[PDB]
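Novice: So here's run.cif, just mmCIF, C-alpha atoms and all ligand atoms:
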```cif
data_upload
loop_
_atom_site.label_atom_id
_atom_site.label_comp_id
_atom_site.auth_asym_id
_atom_site.auth_seq_id
_atom_site.Cartn_x
_atom_site.Cartn_y
_atom_site.Cartn_z
CA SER A 1009 18.51 -14.09 9.31
CA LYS A 1010 17.86 -11.67 6.47
CA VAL A 1011 17.16 -13.19 3.04
CA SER A 1012 19.80 -12.84 0.32
CA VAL A 1013 18.67 -10.64 -2.60
CA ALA A 1014 20.10 -10.08 -6.07
CA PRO A 1015 21.20 -8.21 -8.10
CA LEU A 1016 22.94 -5.60 -5.91
CA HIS A 1017 23.10 -3.22 -8.90
CA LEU A 1018 19.46 -2.37 -8.15
CA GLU A 1019 20.91 -0.19 -5.35
CA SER A 1020 23.15 1.82 -7.71
CA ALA A 1021 20.65 4.25 -9.27
CA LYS A 1022 20.39 7.60 -7.51
CA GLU A 1023 16.99 8.53 -9.01
CA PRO A 1024 13.85 6.38 -9.23
CA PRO A 1025 12.83 4.97 -12.62
CA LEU A 1026 9.89 6.87 -14.10
CA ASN A 1027 7.83 6.16 -17.23
CA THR A 1028 10.27 3.58 -18.56
CA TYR A 1029 7.34 2.17 -20.57
CA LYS A 1030 4.52 4.33 -21.92
CA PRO A 1031 0.94 3.48 -22.98
CA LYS A 1032 1.55 3.42 -26.75
CA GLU A 1033 4.26 0.75 -26.29
CA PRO A 1034 3.82 -1.06 -22.96
CA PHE A 1035 6.02 -3.85 -21.71
CA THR A 1036 4.38 -7.26 -22.25
CA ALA A 1037 4.90 -8.90 -18.84
CA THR A 1038 3.73 -12.40 -17.82
CA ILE A 1039 1.65 -13.58 -14.84
CA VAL A 1040 3.48 -15.93 -12.46
CA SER A 1041 0.67 -16.50 -9.94
CA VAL A 1042 -2.69 -15.17 -8.70
CA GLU A 1043 -3.91 -16.12 -5.22
CA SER A 1044 -6.69 -14.93 -2.94
CA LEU A 1045 -5.50 -13.15 0.21
CA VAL A 1046 -8.84 -13.35 2.04
CA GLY A 1047 -11.13 -15.80 3.80
CA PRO A 1048 -14.75 -16.69 3.02
CA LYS A 1049 -16.27 -13.99 5.26
CA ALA A 1050 -14.52 -11.12 3.45
CA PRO A 1051 -17.08 -8.85 1.71
CA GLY A 1052 -15.13 -9.14 -1.53
CA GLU A 1053 -12.05 -10.72 -3.03
CA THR A 1054 -8.52 -9.29 -2.84
CA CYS A 1055 -5.74 -11.11 -4.67
CA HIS A 1056 -1.94 -11.12 -4.69
CA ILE A 1057 -0.68 -10.98 -8.30
CA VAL A 1058 2.95 -11.86 -9.11
CA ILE A 1059 4.16 -10.48 -12.46
CA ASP A 1060 7.40 -11.42 -14.30
CA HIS A 1061 8.94 -8.26 -15.79
CA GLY A 1062 12.31 -9.94 -16.37
CA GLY A 1063 14.23 -7.00 -14.94
CA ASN A 1064 12.96 -4.74 -17.74
CA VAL A 1065 10.67 -2.65 -15.53
CA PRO A 1066 12.58 -2.03 -12.26
CA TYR A 1067 11.13 0.29 -9.62
CA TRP A 1068 11.67 1.60 -6.10
CA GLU A 1069 9.49 0.78 -3.10
CA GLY A 1070 6.37 2.93 -2.95
CA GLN A 1071 5.94 3.31 -6.73
CA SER A 1072 3.02 2.06 -8.86
CA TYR A 1073 2.78 0.03 -12.04
CA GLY A 1074 0.31 0.94 -14.76
CA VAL A 1075 -1.80 -1.86 -16.26
CA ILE A 1076 -3.65 -1.46 -19.56
CA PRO A 1077 -6.48 -4.02 -19.62
CA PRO A 1078 -7.35 -5.46 -23.03
CA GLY A 1079 -10.20 -4.14 -25.11
CA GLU A 1080 -11.41 -0.79 -26.36
CA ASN A 1081 -11.93 2.44 -24.47
CA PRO A 1082 -15.75 2.53 -24.06
CA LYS A 1083 -15.57 6.32 -24.48
CA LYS A 1084 -13.19 6.44 -27.48
CA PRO A 1085 -13.87 3.71 -30.05
CA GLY A 1086 -10.62 2.66 -31.69
CA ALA A 1087 -8.47 3.69 -28.69
CA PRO A 1088 -6.97 1.38 -26.04
CA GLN A 1089 -8.28 1.18 -22.50
CA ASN A 1090 -6.99 3.73 -20.02
CA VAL A 1091 -4.13 2.83 -17.68
CA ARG A 1092 -5.10 1.81 -14.15
CA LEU A 1093 -2.44 2.33 -11.46
CA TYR A 1094 -1.60 -0.21 -8.73
CA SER A 1095 0.74 0.38 -5.79
CA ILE A 1096 3.55 -2.14 -5.99
CA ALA A 1097 3.29 -4.50 -3.00
CA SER A 1098 6.79 -5.98 -3.40
CA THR A 1099 10.31 -4.71 -2.87
CA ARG A 1100 12.54 -3.84 -5.83
CA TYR A 1101 13.83 -7.45 -5.62
CA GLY A 1102 10.30 -8.90 -5.63
CA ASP A 1103 8.85 -11.97 -3.98
CA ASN A 1104 11.47 -14.25 -5.55
CA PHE A 1105 14.40 -12.08 -4.36
CA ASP A 1106 15.82 -11.88 -7.91
CA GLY A 1107 14.82 -8.54 -9.41
CA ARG A 1108 12.57 -10.25 -11.99
CA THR A 1109 9.06 -9.99 -10.51
CA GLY A 1110 6.81 -7.41 -8.93
CA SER A 1111 3.55 -7.96 -7.08
CA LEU A 1112 0.17 -6.21 -6.87
CA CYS A 1113 -2.52 -6.33 -4.17
CA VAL A 1114 -5.79 -6.01 -6.11
CA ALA A 1115 -9.38 -5.76 -4.80
CA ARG A 1116 -12.11 -6.90 -7.19
CA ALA A 1117 -14.46 -4.01 -7.90
CA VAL A 1118 -17.94 -5.60 -8.08
CA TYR A 1119 -21.26 -3.80 -8.69
CA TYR A 1120 -24.37 -4.65 -6.65
CA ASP A 1121 -27.67 -2.86 -7.16
CA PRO A 1122 -28.25 -0.79 -3.97
CA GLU A 1123 -31.87 -1.97 -3.63
CA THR A 1124 -32.00 -5.61 -4.76
CA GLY A 1125 -28.38 -6.56 -4.15
CA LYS A 1126 -28.24 -8.01 -7.67
CA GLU A 1127 -24.77 -8.23 -9.15
CA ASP A 1128 -24.34 -6.79 -12.64
CA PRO A 1129 -21.06 -8.00 -14.18
CA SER A 1130 -21.24 -5.39 -16.96
CA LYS A 1131 -20.73 -2.75 -14.24
CA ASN A 1132 -17.82 -4.51 -12.50
CA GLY A 1133 -14.37 -2.90 -12.59
CA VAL A 1134 -12.56 -3.84 -15.80
CA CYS A 1135 -8.90 -3.91 -14.76
CA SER A 1136 -9.35 -5.28 -11.23
CA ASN A 1137 -11.42 -8.24 -12.47
CA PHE A 1138 -9.05 -8.75 -15.40
CA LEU A 1139 -6.16 -9.05 -12.94
CA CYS A 1140 -7.98 -11.24 -10.41
CA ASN A 1141 -9.19 -13.51 -13.24
CA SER A 1142 -5.64 -13.93 -14.61
CA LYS A 1143 -3.74 -17.25 -14.68
CA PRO A 1144 -0.06 -18.26 -14.96
CA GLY A 1145 1.28 -17.46 -18.42
CA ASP A 1146 -1.24 -14.73 -19.21
CA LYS A 1147 0.24 -11.50 -20.58
CA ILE A 1148 -0.13 -8.11 -18.88
CA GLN A 1149 0.53 -4.76 -20.60
CA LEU A 1150 2.64 -2.86 -18.06
CA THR A 1151 3.50 0.84 -18.01
CA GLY A 1152 5.55 3.01 -15.69
CA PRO A 1153 6.69 2.73 -13.05
CA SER A 1154 5.34 6.01 -11.75
CA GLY A 1155 4.97 8.00 -8.59
CA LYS A 1156 7.27 9.74 -6.14
CA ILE A 1157 4.92 10.60 -3.25
CA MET A 1158 5.44 7.31 -1.46
CA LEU A 1159 9.18 6.80 -1.95
CA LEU A 1160 10.82 5.72 1.32
CA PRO A 1161 13.06 8.42 2.86
CA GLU A 1162 16.26 6.48 3.56
CA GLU A 1163 18.66 9.33 4.44
CA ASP A 1164 18.14 8.54 8.15
CA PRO A 1165 18.26 4.74 8.64
CA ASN A 1166 16.98 5.29 12.20
CA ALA A 1167 13.93 7.35 11.18
CA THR A 1168 10.43 6.58 12.43
CA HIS A 1169 7.80 5.56 9.85
CA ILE A 1170 4.11 5.47 10.85
CA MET A 1171 2.14 3.66 8.13
CA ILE A 1172 -1.66 4.04 8.00
CA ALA A 1173 -3.46 1.67 5.62
CA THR A 1174 -6.96 0.59 4.75
CA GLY A 1175 -7.55 -2.40 2.50
CA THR A 1176 -5.21 -2.56 -0.49
CA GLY A 1177 -3.42 0.53 0.86
CA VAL A 1178 -1.26 -1.99 2.74
CA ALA A 1179 0.62 -2.53 -0.57
CA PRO A 1180 3.51 0.00 -0.34
CA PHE A 1181 3.99 -0.91 3.33
CA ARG A 1182 4.51 -4.57 2.51
CA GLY A 1183 7.39 -3.35 0.34
CA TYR A 1184 8.80 -0.94 2.94
CA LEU A 1185 8.69 -3.58 5.66
CA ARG A 1186 10.35 -6.33 3.61
CA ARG A 1187 13.19 -3.91 2.82
CA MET A 1188 13.44 -2.79 6.45
CA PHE A 1189 13.30 -6.27 8.01
CA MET A 1190 13.32 -9.29 5.74
CA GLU A 1191 15.91 -8.69 2.95
CA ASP A 1192 19.70 -8.53 3.28
CA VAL A 1193 20.31 -5.00 1.94
CA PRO A 1194 23.79 -3.95 3.12
CA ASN A 1195 23.33 -0.31 2.16
CA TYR A 1196 20.07 0.11 4.15
CA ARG A 1197 20.23 -1.22 7.72
CA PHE A 1198 17.07 0.03 9.41
CA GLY A 1199 17.37 0.75 13.13
CA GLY A 1200 14.35 3.03 13.67
CA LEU A 1201 10.70 2.33 14.44
CA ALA A 1202 8.20 1.15 11.82
CA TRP A 1203 4.59 1.19 13.02
CA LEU A 1204 1.83 -0.28 10.83
CA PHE A 1205 -1.84 0.48 11.47
CA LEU A 1206 -4.25 -1.48 9.26
CA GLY A 1207 -8.02 -1.14 8.95
CA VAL A 1208 -10.07 -3.84 7.21
CA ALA A 1209 -13.66 -5.08 7.30
CA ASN A 1210 -13.09 -8.24 9.40
CA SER A 1211 -10.49 -10.87 10.30
CA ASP A 1212 -11.05 -12.72 7.01
CA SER A 1213 -10.22 -9.45 5.17
CA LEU A 1214 -6.75 -9.11 6.71
CA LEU A 1215 -3.90 -8.94 4.19
CA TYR A 1216 -0.44 -10.42 4.82
CA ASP A 1217 -1.21 -10.78 8.54
CA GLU A 1218 1.19 -13.68 9.14
CA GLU A 1219 4.07 -11.76 7.54
CA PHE A 1220 3.48 -8.70 9.72
CA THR A 1221 2.96 -10.77 12.87
CA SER A 1222 6.31 -12.45 12.16
CA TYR A 1223 8.04 -9.06 12.29
CA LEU A 1224 6.71 -8.53 15.83
CA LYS A 1225 8.63 -11.64 16.94
CA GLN A 1226 11.82 -10.95 14.97
CA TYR A 1227 12.09 -7.17 15.49
CA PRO A 1228 10.13 -6.45 18.69
CA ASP A 1229 12.03 -3.21 19.35
CA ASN A 1230 11.74 -1.87 15.78
CA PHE A 1231 8.23 -2.87 14.63
CA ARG A 1232 4.71 -2.28 15.99
CA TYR A 1233 1.46 -3.47 14.43
CA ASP A 1234 -2.17 -2.58 15.26
CA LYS A 1235 -5.38 -3.62 13.46
CA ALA A 1236 -8.95 -2.25 13.31
CA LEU A 1237 -11.78 -4.51 12.08
CA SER A 1238 -14.74 -2.34 11.14
CA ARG A 1239 -17.51 -4.95 11.04
CA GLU A 1240 -16.29 -6.87 14.10
CA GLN A 1241 -15.18 -4.07 16.46
CA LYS A 1242 -16.61 -0.84 17.86
CA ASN A 1243 -14.75 2.28 18.96
CA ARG A 1244 -15.09 3.99 22.33
CA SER A 1245 -17.87 6.29 21.04
CA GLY A 1246 -19.89 3.38 19.62
CA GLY A 1247 -19.07 3.72 15.93
CA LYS A 1248 -17.62 1.00 13.76
CA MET A 1249 -13.90 0.60 14.45
CA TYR A 1250 -11.86 2.36 11.76
CA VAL A 1251 -8.12 2.90 11.50
CA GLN A 1252 -8.35 6.42 12.94
CA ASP A 1253 -9.78 4.96 16.16
CA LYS A 1254 -6.70 2.74 16.60
CA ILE A 1255 -4.48 5.83 16.14
CA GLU A 1256 -6.46 7.44 18.96
CA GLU A 1257 -5.63 4.59 21.35
CA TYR A 1258 -2.00 5.68 20.91
CA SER A 1259 -2.70 9.43 20.80
CA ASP A 1260 0.23 10.46 22.99
CA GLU A 1261 2.83 8.08 21.55
CA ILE A 1262 2.06 9.01 17.94
CA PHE A 1263 1.96 12.78 18.55
CA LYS A 1264 5.28 12.54 20.40
CA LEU A 1265 6.76 10.62 17.45
CA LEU A 1266 5.50 13.22 14.96
CA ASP A 1267 7.01 16.01 17.08
CA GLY A 1268 10.28 14.05 17.02
CA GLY A 1269 10.39 13.98 13.20
CA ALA A 1270 8.48 10.81 12.29
CA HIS A 1271 7.22 10.29 8.76
CA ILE A 1272 3.54 9.39 8.48
CA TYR A 1273 1.96 7.71 5.45
CA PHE A 1274 -1.62 7.10 4.34
CA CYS A 1275 -2.68 4.72 1.58
CA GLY A 1276 -5.93 3.11 0.44
CA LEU A 1277 -9.37 4.30 -0.63
CA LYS A 1278 -9.80 8.05 -0.33
CA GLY A 1279 -12.89 7.66 1.88
CA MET A 1280 -10.47 6.75 4.70
CA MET A 1281 -9.20 10.35 5.03
CA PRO A 1282 -12.17 12.40 6.40
CA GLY A 1283 -12.51 10.27 9.54
CA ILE A 1284 -8.75 10.29 10.05
CA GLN A 1285 -8.65 14.09 9.81
CA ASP A 1286 -11.60 14.34 12.21
CA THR A 1287 -9.83 12.14 14.78
CA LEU A 1288 -6.49 13.95 14.45
CA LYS A 1289 -8.27 17.27 14.99
CA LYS A 1290 -9.95 15.95 18.15
CA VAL A 1291 -6.72 14.44 19.48
CA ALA A 1292 -4.92 17.76 18.96
CA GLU A 1293 -7.76 19.68 20.63
CA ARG A 1294 -7.61 17.44 23.72
CA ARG A 1295 -3.88 18.19 23.94
CA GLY A 1296 -4.46 21.93 23.52
CA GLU A 1297 -2.90 22.02 20.04
CA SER A 1298 -4.19 23.24 16.68
CA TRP A 1299 -4.32 20.37 14.19
CA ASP A 1300 -4.30 22.89 11.33
CA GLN A 1301 -1.00 24.33 12.54
CA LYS A 1302 0.45 20.87 13.20
CA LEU A 1303 -0.50 19.56 9.74
CA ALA A 1304 0.95 22.69 8.12
CA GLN A 1305 4.26 22.06 9.89
CA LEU A 1306 4.26 18.34 8.96
CA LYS A 1307 3.76 19.26 5.30
CA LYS A 1308 6.44 21.97 5.45
CA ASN A 1309 8.87 19.46 7.03
CA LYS A 1310 8.02 16.84 4.35
CA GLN A 1311 6.75 14.36 6.98
CA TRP A 1312 3.26 13.85 5.48
CA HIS A 1313 2.80 11.33 2.66
CA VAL A 1314 -0.66 10.54 1.20
CA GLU A 1315 -1.59 8.34 -1.76
CA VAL A 1316 -5.31 7.54 -1.74
CA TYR A 1317 -7.65 6.64 -4.56
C1 LIG B 1401 -1.77 5.60 -7.24
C2 LIG B 1401 -2.87 4.57 -7.21
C3 LIG B 1401 -2.64 3.34 -6.60
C4 LIG B 1401 -3.63 2.36 -6.57
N1 LIG B 1401 -3.35 1.15 -5.94
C5 LIG B 1401 -4.27 0.24 -5.93
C6 LIG B 1401 -3.97 -1.03 -5.28
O1 LIG B 1401 -2.93 -1.29 -4.67
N2 LIG B 1401 -5.00 -1.95 -5.34
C7 LIG B 1401 -6.25 -1.74 -5.93
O2 LIG B 1401 -7.07 -2.67 -5.87
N3 LIG B 1401 -6.55 -0.54 -6.52
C8 LIG B 1401 -5.60 0.39 -6.53
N4 LIG B 1401 -5.86 1.58 -7.15
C9 LIG B 1401 -7.14 1.73 -7.87
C10 LIG B 1401 -7.01 1.23 -9.31
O3 LIG B 1401 -6.18 2.12 -10.06
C11 LIG B 1401 -8.38 1.18 -9.99
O4 LIG B 1401 -9.04 2.45 -9.95
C12 LIG B 1401 -9.32 0.11 -9.44
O5 LIG B 1401 -8.70 -1.18 -9.53
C13 LIG B 1401 -10.63 0.06 -10.21
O6 LIG B 1401 -10.32 -0.09 -11.62
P1 LIG B 1401 -11.18 -1.06 -12.55
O7 LIG B 1401 -10.58 -0.98 -13.90
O8 LIG B 1401 -11.38 -2.37 -11.92
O9 LIG B 1401 -12.60 -0.31 -12.58
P2 LIG B 1401 -13.24 0.63 -13.71
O10 LIG B 1401 -13.65 -0.17 -14.89
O11 LIG B 1401 -12.35 1.77 -13.91
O12 LIG B 1401 -14.57 1.11 -12.96
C14 LIG B 1401 -14.47 2.05 -11.86
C15 LIG B 1401 -15.59 1.76 -10.88
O13 LIG B 1401 -16.87 2.09 -11.49
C16 LIG B 1401 -17.76 1.01 -11.30
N5 LIG B 1401 -18.72 1.02 -12.39
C17 LIG B 1401 -18.47 0.74 -13.71
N6 LIG B 1401 -19.51 0.91 -14.50
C18 LIG B 1401 -20.50 1.34 -13.64
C19 LIG B 1401 -21.84 1.72 -13.85
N7 LIG B 1401 -22.42 1.76 -15.05
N8 LIG B 1401 -22.56 2.12 -12.78
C20 LIG B 1401 -21.97 2.13 -11.57
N9 LIG B 1401 -20.72 1.79 -11.25
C21 LIG B 1401 -20.03 1.40 -12.33
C22 LIG B 1401 -16.87 -0.23 -11.22
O14 LIG B 1401 -17.51 -1.31 -10.55
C23 LIG B 1401 -15.70 0.31 -10.41
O15 LIG B 1401 -16.00 0.24 -9.02
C24 LIG B 1401 -4.88 2.61 -7.18
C25 LIG B 1401 -5.11 3.85 -7.78
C26 LIG B 1401 -4.13 4.83 -7.80
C27 LIG B 1401 -4.42 6.16 -8.46
#
```
Could you quickly redo this structure as structure tokens?
Specialist:
Amino acid sequence: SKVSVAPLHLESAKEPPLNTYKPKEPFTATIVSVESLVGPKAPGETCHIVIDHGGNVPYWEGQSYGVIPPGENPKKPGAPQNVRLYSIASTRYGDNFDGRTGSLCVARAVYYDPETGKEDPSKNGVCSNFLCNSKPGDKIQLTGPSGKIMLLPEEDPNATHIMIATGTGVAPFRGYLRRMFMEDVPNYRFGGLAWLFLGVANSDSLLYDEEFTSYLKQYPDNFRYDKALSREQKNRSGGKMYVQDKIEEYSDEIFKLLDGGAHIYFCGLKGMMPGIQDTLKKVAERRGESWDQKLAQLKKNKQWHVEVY
């Protein structure tokens, strides 16, 4: 059974909120919870951060929140820190199904000297550590929401959505999939195919795995889920197993879906994209197709959605 959500008036707007709060006057939100998403063998920490915005900073799935960490801009004395953007990992109703909270999926950026391995905290990422170090009741300066690239196309409730994530790039897809499958949204009844491909370092680095596995058992004809574990698996050519290698295992199914009008999404660190492009080119070549021409048509048809960072 789908989970009741409120308030239904969040469905009424016909345009997404944008820049409701700006950097000079952010919204002072409050941390609800911070929890690690990863096991002890993960190379670094990734946390789920729940933020109470009280309904003052609503958003649509696929958008980002800005966070202004405290302190001074190290490059402009007297000025605030620059905004850092984070893909919202929750639906518009949020993890408490009430329209009052939104969630972030935040990897700690930690610096290690390339030769000695010595950590240097002064070179760690300011906003990501600020967020992962936060505790219930702490205040967060929120801006936005912002972004339109990753809004979910809902005009066809039976569309196909192929979602390609590495690491924290899973965030918008957690939101899409909760709206598609878990929440009782009477004006969006999804009857298409949602297919999540996720690449992470190892099993302990998986994010939200139990939630996604649950969708396989509840919606076996509408959801597919495939994972690539780069430090624990090898591809067919002998390289470390990346998300593009999982795509290749389903070369024919995914190309057929794209030809049929499927939307395809990419999110996570930008270093994910070169290997993906290389694989898609090789898959097309084996089929006797030009990947350049196919990608041009996907962009012209508004099927191609990329937000990497
Ligand atoms: C649209 C969008 C969505 C995003 N979504 C997410 C998301 O869902 N989750 C997420 O985790 N991130 C996400 N990001 C990235 C996020 O915005 C930040 O860039 C990231 O968290 C790092 O910010 P920071 O403040 O921690 O690091 P910063 O302080 O900005 O530092 C940047 C990097 O430089 C390194 N560094 C600092 N000083 C030195 C030095 N002297 N020498 C060498 N290295 C140094 C830091 O360790 C860090 O890796 C997103 C970005 C965009 C644009």
Novice: Record the distance separating atom CA of residue 1201 of chain A and atom CA of residue 1170 of chain A, expressed in Å with one decimal.
Specialist: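 Separation of atom CA of residue 1201 of chain A and atom CA of residue 1170 of chain A: 8.1 Å.
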Novice: Which of these residues is nearest to residue 1237 of chain A, using all atoms listed in the file: A:1029, A:1250, A:1223, A:1263?
Specialist: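 Closest residue, counting all atoms listed in the file: A:1250.
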Novice: Using Å and a single decimal, report how far atom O13 of ligand LIG 1401 (chain B) sits from atom CA of residue 1140 of chain A.
Specialist: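 So the answer is 16.1 Å.
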Novice: Can you measure atom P1 of ligand LIG 1401 (chain B) to atom CA of residue 1272 of chain A for me? One decimal in Å is fine.
Specialist: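 Answer for the atom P1 of ligand LIG 1401 (chain B) to atom CA of residue 1272 of chain A separation: 27.7 Å.
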Novice: Determine, using only C-alpha atoms and all ligand atoms, which residues of chain A have any atom at most 8 Å from an atom of ligand LIG 1401 (chain B), and tabulate each with its shortest atom pair and distance in Å to one decimal place, rows ordered by chain and then rising number, as a Markdown table.
Specialist:
```
| residue | atom | partner | partner_atom | distance |
| --- | --- | --- | --- | --- |
| A:1054 | CA | B:LIG1401 | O2 | 7.4 |
| A:1072 | CA | B:LIG1401 | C1 | 6.2 |
| A:1077 | CA | B:LIG1401 | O7 | 7.7 |
| A:1091 | CA | B:LIG1401 | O3 | 7.9 |
| A:1092 | CA | B:LIG1401 | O3 | 4.2 |
| A:1093 | CA | B:LIG1401 | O3 | 4.0 |
| A:1094 | CA | B:LIG1401 | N1 | 3.6 |
| A:1095 | CA | B:LIG1401 | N1 | 4.2 |
| A:1096 | CA | B:LIG1401 | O1 | 6.7 |
| A:1097 | CA | B:LIG1401 | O1 | 7.2 |
| A:1112 | CA | B:LIG1401 | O1 | 6.2 |
| A:1113 | CA | B:LIG1401 | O1 | 5.1 |
| A:1114 | CA | B:LIG1401 | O2 | 3.6 |
| A:1115 | CA | B:LIG1401 | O2 | 4.0 |
| A:1116 | CA | B:LIG1401 | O8 | 6.6 |
| A:1117 | CA | B:LIG1401 | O15 | 4.7 |
| A:1118 | CA | B:LIG1401 | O14 | 5.0 |
| A:1119 | CA | B:LIG1401 | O14 | 4.9 |
| A:1130 | CA | B:LIG1401 | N6 | 7.0 |
| A:1131 | CA | B:LIG1401 | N6 | 3.9 |
| A:1132 | CA | B:LIG1401 | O14 | 3.8 |
| A:1133 | CA | B:LIG1401 | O8 | 3.1 |
| A:1134 | CA | B:LIG1401 | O10 | 3.9 |
| A:1135 | CA | B:LIG1401 | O7 | 3.5 |
| A:1136 | CA | B:LIG1401 | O8 | 3.6 |
| A:1137 | CA | B:LIG1401 | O8 | 5.9 |
| A:1138 | CA | B:LIG1401 | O8 | 7.6 |
| A:1155 | CA | B:LIG1401 | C1 | 7.3 |
| A:1176 | CA | B:LIG1401 | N2 | 4.9 |
| A:1177 | CA | B:LIG1401 | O1 | 5.8 |
| A:1178 | CA | B:LIG1401 | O1 | 7.6 |
| A:1179 | CA | B:LIG1401 | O1 | 5.6 |
| A:1180 | CA | B:LIG1401 | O1 | 7.9 |
| A:1276 | CA | B:LIG1401 | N1 | 7.2 |
| A:1277 | CA | B:LIG1401 | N4 | 7.9 |
| A:1315 | CA | B:LIG1401 | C1 | 6.1 |
| A:1316 | CA | B:LIG1401 | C2 | 6.7 |
| A:1317 | CA | B:LIG1401 | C25 | 5.0 |
```
Novice: Those residues with C-alpha atoms, as a PDB file, in the coordinates of the input please?
Specialist:
```pdb
ATOM      1  CA  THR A1054      -8.520  -9.290  -2.840  1.00  0.00           C
ATOM      2  CA  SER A1072       3.020   2.060  -8.860  1.00  0.00           C
ATOM      3  CA  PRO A1077      -6.480  -4.020 -19.620  1.00  0.00           C
ATOM      4  CA  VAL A1091      -4.130   2.830 -17.680  1.00  0.00           C
ATOM      5  CA  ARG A1092      -5.100   1.810 -14.150  1.00  0.00           C
ATOM      6  CA  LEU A1093      -2.440   2.330 -11.460  1.00  0.00           C
ATOM      7  CA  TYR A1094      -1.600  -0.210  -8.730  1.00  0.00           C
ATOM      8  CA  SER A1095       0.740   0.380  -5.790  1.00  0.00           C
ATOM      9  CA  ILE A1096       3.550  -2.140  -5.990  1.00  0.00           C
ATOM     10  CA  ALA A1097       3.290  -4.500  -3.000  1.00  0.00           C
ATOM     11  CA  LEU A1112       0.170  -6.210  -6.870  1.00  0.00           C
ATOM     12  CA  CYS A1113      -2.520  -6.330  -4.170  1.00  0.00           C
ATOM     13  CA  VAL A1114      -5.790  -6.010  -6.110  1.00  0.00           C
ATOM     14  CA  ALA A1115      -9.380  -5.760  -4.800  1.00  0.00           C
ATOM     15  CA  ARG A1116     -12.110  -6.900  -7.190  1.00  0.00           C
ATOM     16  CA  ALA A1117     -14.460  -4.010  -7.900  1.00  0.00           C
ATOM     17  CA  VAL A1118     -17.940  -5.600  -8.080  1.00  0.00           C
ATOM     18  CA  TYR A1119     -21.260  -3.800  -8.690  1.00  0.00           C
ATOM     19  CA  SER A1130     -21.240  -5.390 -16.960  1.00  0.00           C
ATOM     20  CA  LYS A1131     -20.730  -2.750 -14.240  1.00  0.00           C
ATOM     21  CA  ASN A1132     -17.820  -4.510 -12.500  1.00  0.00           C
ATOM     22  CA  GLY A1133     -14.370  -2.900 -12.590  1.00  0.00           C
ATOM     23  CA  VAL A1134     -12.560  -3.840 -15.800  1.00  0.00           C
ATOM     24  CA  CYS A1135      -8.900  -3.910 -14.760  1.00  0.00           C
ATOM     25  CA  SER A1136      -9.350  -5.280 -11.230  1.00  0.00           C
ATOM     26  CA  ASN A1137     -11.420  -8.240 -12.470  1.00  0.00           C
ATOM     27  CA  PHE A1138      -9.050  -8.750 -15.400  1.00  0.00           C
ATOM     28  CA  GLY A1155       4.970   8.000  -8.590  1.00  0.00           C
ATOM     29  CA  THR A1176      -5.210  -2.560  -0.490  1.00  0.00           C
ATOM     30  CA  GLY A1177      -3.420   0.530   0.860  1.00  0.00           C
ATOM     31  CA  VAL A1178      -1.260  -1.990   2.740  1.00  0.00           C
ATOM     32  CA  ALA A1179       0.620  -2.530  -0.570  1.00  0.00           C
ATOM     33  CA  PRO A1180       3.510   0.000  -0.340  1.00  0.00           C
ATOM     34  CA  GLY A1276      -5.930   3.110   0.440  1.00  0.00           C
ATOM     35  CA  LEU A1277      -9.370   4.300  -0.630  1.00  0.00           C
ATOM     36  CA  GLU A1315      -1.590   8.340  -1.760  1.00  0.00           C
ATOM     37  CA  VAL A1316      -5.310   7.540  -1.740  1.00  0.00           C
ATOM     38  CA  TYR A1317      -7.650   6.640  -4.560  1.00  0.00           C
TER      39      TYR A1317
END
```
Novice: Write out as a ChimeraX atom specification which residues come within 10 Å of segment 1015-1020 of chain A when counting only C-alpha atoms, dropping same-chain ones fewer than 4 positions away.
Specialist: /A:1063,1066-1068,1100-1101,1105-1108,1193-1196
Novice: Which is closest to residue 1171 of chain A among A:1013, A:1304, A:1204, A:1158, if we use only C-alpha atoms?
Specialist: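 The shortest atom-to-atom distance to residue 1171 of chain A comes from A:1204.
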Novice: Using all atoms listed in the file, pick whichever of A:1111, A:1314, A:1189, A:1259 has the shortest atom-to-atom distance to residue 1293 of chain A.
Specialist: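 Closest candidate: A:1259.
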Novice: I'd like to know which of A:1173, A:1249, A:1011, A:1262 is closest to residue 1275 of chain A, using only C-alpha atoms.
Specialist: A:1173
Novice: Edge lengths and centre in Å to one decimal, as AutoDock Vina command-line options, is what I'm after for the box along x, y and z that holds all listed atoms of segment 1099-1111 of chain A once 6 Å is added on each side.
Specialist:
```
--center_x 9.7 --center_y -9.0 --center_z -7.4 --size_x 24.3 --size_y 22.4 --size_z 21.1
```
Novice: I need the residue nearest residue 1152 of chain A from this list: A:1064, A:1041, A:1027, A:1301. Use only C-alpha atoms for the distance.
Specialist: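 Under the stated criterion, the closest residue is A:1027.
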Novice: Measuring between all atoms listed in the file, which one of A:1235, A:1083, A:1182, A:1032 shows the shortest distance to residue 1056 of chain A?
Specialist: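 Checking each candidate against residue 1056 of chain A, we get A:1182 as the closest.
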Novice: Applying 9 Å and only C-alpha atoms, which residues near residue 1285 of chain A remain after dropping the ones on its own chain fewer than 5 positions away? List them as a VMD selection string.
Specialist: chain A and resid 1252 1290 1299
Novice: With only C-alpha atoms as the counted atoms, please give the residues lying no more than 10 Å from residue 1185 of chain A, apart from itself and same-chain residues fewer than 5 positions off, as a short mmCIF file (atom, residue, chain, number, x, y, z; two decimals) with C-alpha atoms, in the coordinates of the input.
Specialist:
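What follows is the written file result-v4.cif:
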```cif
data_model
loop_
_atom_site.label_atom_id
_atom_site.label_comp_id
_atom_site.auth_asym_id
_atom_site.auth_seq_id
_atom_site.Cartn_x
_atom_site.Cartn_y
_atom_site.Cartn_z
CA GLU A 1069 9.49 0.78 -3.10
CA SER A 1098 6.79 -5.98 -3.40
CA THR A 1099 10.31 -4.71 -2.87
CA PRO A 1180 3.51 0.00 -0.34
CA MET A 1190 13.32 -9.29 5.74
CA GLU A 1191 15.91 -8.69 2.95
CA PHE A 1198 17.07 0.03 9.41
CA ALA A 1202 8.20 1.15 11.82
CA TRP A 1203 4.59 1.19 13.02
CA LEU A 1204 1.83 -0.28 10.83
CA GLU A 1219 4.07 -11.76 7.54
CA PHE A 1220 3.48 -8.70 9.72
CA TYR A 1223 8.04 -9.06 12.29
CA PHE A 1231 8.23 -2.87 14.63
#
```
